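Shown next as structure tokens: one chain only, the form deposited in one PDB entry.
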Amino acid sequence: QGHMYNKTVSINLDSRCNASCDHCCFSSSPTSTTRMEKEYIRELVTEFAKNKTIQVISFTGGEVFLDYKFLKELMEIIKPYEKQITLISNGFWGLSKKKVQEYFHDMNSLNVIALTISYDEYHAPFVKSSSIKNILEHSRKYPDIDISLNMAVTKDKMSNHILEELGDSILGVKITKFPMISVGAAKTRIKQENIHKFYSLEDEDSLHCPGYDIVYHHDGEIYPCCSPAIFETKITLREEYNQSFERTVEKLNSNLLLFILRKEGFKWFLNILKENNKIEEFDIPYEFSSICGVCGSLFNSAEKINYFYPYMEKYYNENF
């Protein structure tokens, strides 16, 4: 009956990227300076590799293959401990058939179980279609590596032609088209009318958090999930510079707000706001692109989080 959320961890290596996507939740670019120091990352990876509960370590950015020597070094620290690795990339490195062969050999040797390639109309000005095809076609030689294609779309950029132009390189590839979260470059460079809004406050029984997944982010913070929407809230997991993963897990499992959110869903909070006529005061959007859209507006201020304190206190007293 122990702690949860300690089987996986993600590390965001850098905000620097070869691309400058108009939707990028991190506003990544070749001149982005936000990152944890390399030695600090080596210490985190070493701890995650030695950790008794972590099975999967995931890397993200930014573009993790941009400084491949560093990525390979981190994968090599993990190797003797035999933990599984997941990578996500824009596939710019697909331009070189030599880098494609070499990187797939490294990933297969370093227990990389999944590689996600992001490609769509927002990525297209920075990466050639043929680079994506080279990666997808070569991955057929590495069946143990699960390959996914993630396409970020809007009403004006649905990536219909992009997919058709990839031809048969996508056969056997898990494709997922998803809507934008209005965060980072998407807030200012994309018209809110082009972002799909599928969910509404009327879908109260369907409003449930997709799940917690710890992220040691490139801004030096630790977040409870991988959603772009979490950065705008006041829900963090870091209390000091030298923090162990055991402490990170302990803080997450003992967070009362995150416990009630998991057990009761967003309806518990929304129903308190409706009964107290504070939905408009809290600026809760009627419609949203994802469940995380409510999360942002419910907890984007210390006062909003503090509003729920007497109700959370009452809930703990009643059920504990």
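Don't overthink the numbering: it's just position in the shown sequence, from 1.
The stretch with the higher mean CA B factor, choosing between 202-210 and 87-95, is 202-210. Taking the PDB entry as given, 286-294 carries the higher mean Cα B factor of the two stretches 248-256 and 286-294. Sorting the modelled residues of the chain by their CA temperature factor places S10 in the lowest third. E102: CA B factor in the middle third of modelled residues in this chain (values from the PDB entry). In the PDB entry, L66 places in the middle third of its chain by CA B-factor. For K141, the recorded CA B-factor ranks within the lowest third of the chain. Only modelled residues enter the ranking.
For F231, the recorded CA temperature factor ranks within the highest third of the chain's modelled residues.
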